[PDB]
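Everything on this sheet refers to the single structure shown next.
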Amino acid sequence: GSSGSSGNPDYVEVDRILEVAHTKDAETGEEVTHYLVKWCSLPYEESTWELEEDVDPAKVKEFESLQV
């Protein structure tokens, strides 16, 4: 973490989860599940997929509830 410099190092303002993708690393063989973080605050064009880790677990539950 940053010692203390004006302006946050990142915006954790997630709106919702668009879609989830399951990828498999081609180095060791570990399952890598990616979660498309939907943060309106940021421009769509900048749509990224933060690893399940970075993506809070709670938010994951909500998304699931929607899809049976």
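Following the order of the structure tokens, chains are lettered A, B, ..., residues in each are numbered from 1, and ligands are numbered from 1.
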
- Query: Hey, what does DSSP flag as strand (DSSP E) within chain A? Can you give it to me as a list in words?
  - Reply: residues 16, 17, 18, 19, 20, 21, 22, 23, 24, 31, 32, 33, 34, 35, 36, 37, 38, 49, 50 and 51 of chain A

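The closest residue to residue 48 (chain A), picked from A:30, A:1, A:60, A:35 and counting only C-alpha atoms, is A:35.
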
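Interatomic distance, CA of residue 28 (chain A) against CA of residue 59 (chain A): 28.5 Å.
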